[PDB]
Amino acid sequence: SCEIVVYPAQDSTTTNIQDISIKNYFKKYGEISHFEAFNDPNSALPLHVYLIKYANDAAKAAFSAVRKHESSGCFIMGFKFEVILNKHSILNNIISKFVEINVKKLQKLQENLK
């Protein structure tokens, strides 16, 4: 009831926000037992998708994390992320996702070579 997954609010992104910045921001909720940032295995780009596991109110950290923000959504260096509970495997699901965003950017560079 306890890990959080953060990933970009909008399919394409330009940032080079770095882990630290994100980890901190989430620190404001809970002592962070564990924090992972994820890369596309295929191209190595950062995906800007993190698994943060908290701390009980590990769980309440977690949920507030998901929750504090829908007033405005969650911004971190004025870059907008989504944050959700890592329940039912969505972590790998968000990763997969973004791999395929990149597979698709790659697919359209590929015809750029036409």
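Residues numbered from 1 in each chain as written, not as in the entry; some residues may be left out. Heavy atoms only, no water.

Looking at the method and resolution fields of the entry, one finds X-ray crystallography and 3.00 Å.

*Asks:* Mind laying out the pairing of strand β1 (residues 3–8), listing which residues take part and the relevant values?
*Replies:* Burial of β1 is extensive: five of the six residues sit out of reach of the surface. Looking at chain direction, β1 and strand β3 (residues 46–53) are connected through four bridges and run antiparallel. In the sheet register, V5 faces β3, and the bridge partner there is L51. (Buried < 20%, exposed > 50% of the residue type's maximum accessible area, 1.4 Å probe, protein only. Helix = DSSP H or I, 4+ residues; strand = E, 2+ residues; numbered from the N terminus. Pairing = 2+ DSSP bridges.)

*Asks:* If you had to explain the nonpolar core to someone new, which residues and values would you point to?
*Replies:* Counting 23 residues, the largest nonpolar core has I4, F26 and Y54 as the members making the most contacts within it. Of all elements in the fold, only β1, α1 (19–27), β3, α2 (58–68), β4 (74–76) and β5 (79–85) reach the threshold of two or more residues within this core. The leading source of residues in this core is α2, at five residues. Setting aside its immediate chain neighbours within four residues, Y54 contacts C2, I4, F26, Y29, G30, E31, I32, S33, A61, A62 and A65. If you look at the next biggest cluster of nonpolar residues, it comprises twelve residues, including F38, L51, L91 and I95. (Core = buried A, V, L, I, M, F, W, Y, C linked by side-chain atoms within 4.5 Å. Contact = heavy atoms within 4.5 Å.)

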